[PDB]
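Quick notes on the structure that follows.
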Amino acid sequence: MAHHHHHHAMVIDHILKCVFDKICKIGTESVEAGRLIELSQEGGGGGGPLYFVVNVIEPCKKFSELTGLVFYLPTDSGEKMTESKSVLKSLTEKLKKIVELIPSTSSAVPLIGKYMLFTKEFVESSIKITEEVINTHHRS
């Protein structure tokens, strides 16, 4: 724990590897539970399994830059982070219409709903981590 060190840039930019590390793990872990749960019910669907990652990572890409604007150009406790939660929630909006493209298994529809929000909830870690810097900064 830093004592006199009040500045944040060299040691604050490293913490990013903590949130960016799991992001790479859960990223591939979700691709499994998503195809494992679906196939279990029927696995129905038009496009292939490559579209799920191409349509999901597509929007996530533009958001990836946010992970660098929070650990580099901080504007608040979650100014740039609050926008990361709107990118995942607003994205599904277009993924829900997929039912008009190649609908399949109406039982798995409500099921995946728990897996979709799951990845969105984990994103909160960005703030849960910084919460440790606000307790030391305001104390130091």
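All residue names refer to the structure tokens as shown: chains lettered A, B, ... in order, residues numbered from 1 in each chain, ligands numbered from 1 in order.
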
For residue 101 (chain A): contacts at 10 Å, only C-alpha atoms, fewer than 4 positions along chain excluded, given as a PyMOL selection string: chain A and resi 45-47+97

Residues of the last selection are to be written out with N, CA, C and O atoms, as a compact mmCIF listing (two decimals), in the first residue's frame.
```txt
# COMPACT_ATOMS: atom_id res chain seq x y z
N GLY A 45 -30.28 -22.79 -35.07
CA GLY A 45 -29.74 -21.50 -35.46
C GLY A 45 -29.23 -21.50 -36.89
O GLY A 45 -28.74 -22.51 -37.38
N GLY A 46 -29.36 -20.35 -37.55
CA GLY A 46 -28.91 -20.24 -38.92
C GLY A 46 -27.40 -20.11 -39.03
O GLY A 46 -26.70 -21.07 -39.34
N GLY A 47 -26.89 -18.90 -38.77
CA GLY A 47 -25.46 -18.67 -38.84
C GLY A 47 -24.67 -19.66 -38.02
O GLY A 47 -25.24 -20.46 -37.28
N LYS A 97 -33.58 -9.13 -31.74
CA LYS A 97 -34.32 -9.18 -32.99
C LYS A 97 -33.91 -10.40 -33.81
O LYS A 97 -34.58 -10.75 -34.79
```

Residues near residue 132 (chain A), cut-off 12 Å, only C-alpha atoms, skip fewer than 5 positions along chain, as a count of residues only: 11

For residue 94 (chain A): contacts at 12 Å, only C-alpha atoms, fewer than 6 positions along chain excluded, given as a PyMOL selection string: chain A and resi 55-56+59+87-88+100-101

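CA of residue 123 (chain A) lies 21.3 Å from CA of residue 110 (chain A).
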
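The coordinates place CA of residue 128 (chain A) at 19.1 Å from CA of residue 65 (chain A).
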
Contacts of region 79-86 of chain A at 10 Å (only C-alpha atoms; same-chain gap of 6+ positions) as a PyMOL selection string: chain A and resi 60+62-64+66-71+73+120-121+123-124+126-127
